[PDB]
Amino acid sequence: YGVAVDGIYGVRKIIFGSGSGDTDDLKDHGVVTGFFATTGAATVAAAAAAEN
Amino acid sequence: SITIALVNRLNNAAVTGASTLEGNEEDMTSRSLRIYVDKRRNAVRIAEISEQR
Amino acid sequence: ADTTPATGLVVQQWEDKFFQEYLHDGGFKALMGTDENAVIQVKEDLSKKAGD
């Protein structure tokens, strides 16, 4: 007997343009991010959290 | 995909008195955001003897 | 000025109907028959009996 849960959906961060065009300079609609320092153990590894 | 819309505010000086408005109308700017949907699922399979035990 | 919808807000519609490619059937169905002088002989004897 196989029981399977399934769903078709998508979660996105609402970002809207600010320039002349429709997809120009994207600002977050209602989110403010703050990057701070912490003493806790890292969750994302250095290789994974690096740029590119 | 589904496209959601945002209507920008109007920031033109109000036309006061008996001044013409038929030509000095504002333009309404709108923005769009497209969100894609994907299928995600998981499954668990169990034998009948495991159900009985 | 004049108000126009955004470039990404211009709606495109899709139709639920589809076209099919034109295929020539050859016209052999008119020559099929169970008579002795048929151009194409139809033997439906295996539909009731056994054998390949």
# chains A, B, ... in the order shown; residues from 1 in each chain; ligands from 1

$ residues_around --residues "residue 23 in chain B" --least-positions-apart "6" --cutoff "12 Å" --atoms "only C-alpha atoms" --output "list in words"
residues 15 of chain B; 1 and 2 of chain C

$ interface_residues --of "chain A" --to "chain B" --cutoff "8 Å" --atoms "only C-alpha atoms" --output "MDAnalysis selection string"
chainID A and resid 1:12 14:17 22:23

$ closest_atom_pairs --of "chain C" --to "chain B" --cutoff "12 Å" --atoms "only C-alpha atoms" --output "CSV"
residue,atom,partner,partner_atom,distance
C:1,CA,B:27,CA,5.2
C:2,CA,B:27,CA,5.3
C:3,CA,B:27,CA,4.6
C:4,CA,B:28,CA,7.4
C:5,CA,B:30,CA,6.6
C:6,CA,B:30,CA,5.5
C:7,CA,B:32,CA,8.2
C:8,CA,B:32,CA,5.7
C:9,CA,B:32,CA,6.0
C:10,CA,B:32,CA,9.7
C:11,CA,B:3,CA,9.4
C:12,CA,B:3,CA,11.4

$ residues_around --residues "range 14-28 of chain C" --least-positions-apart "4" --cutoff "10 Å" --atoms "only C-alpha atoms" --output "MDAnalysis selection string"
chainID C and resid 32 39:40

$ select_by_dssp --residues "chain A" --states "alpha helix (DSSP H)" --output "PyMOL selection string"
chain A and resi 46-49

$ write_last_selection --atoms "N, CA and C atoms" --output "PDB file, in the first residue's frame"
ATOM      1  N   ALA A  46      30.608  26.885   4.194  1.00  0.00           N
ATOM      2  CA  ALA A  46      31.320  27.988   3.555  1.00  0.00           C
ATOM      3  C   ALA A  46      31.340  27.834   2.040  1.00  0.00           C
ATOM      4  N   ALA A  47      31.531  26.607   1.551  1.00  0.00           N
ATOM      5  CA  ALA A  47      31.503  26.375   0.112  1.00  0.00           C
ATOM      6  C   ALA A  47      30.127  26.676  -0.470  1.00  0.00           C
ATOM      7  N   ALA A  48      29.065  26.282   0.236  1.00  0.00           N
ATOM      8  CA  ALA A  48      27.713  26.508  -0.260  1.00  0.00           C
ATOM      9  C   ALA A  48      27.285  27.963  -0.103  1.00  0.00           C
ATOM     10  N   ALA A  49      27.697  28.614   0.983  1.00  0.00           N
ATOM     11  CA  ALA A  49      27.307  29.991   1.255  1.00  0.00           C
ATOM     12  C   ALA A  49      28.173  31.012   0.531  1.00  0.00           C
TER      13      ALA A  49
END

$ closest_residue --among "A:52, A:38, A:31, A:21" --to "chain C" --atoms "only C-alpha atoms"
A:21
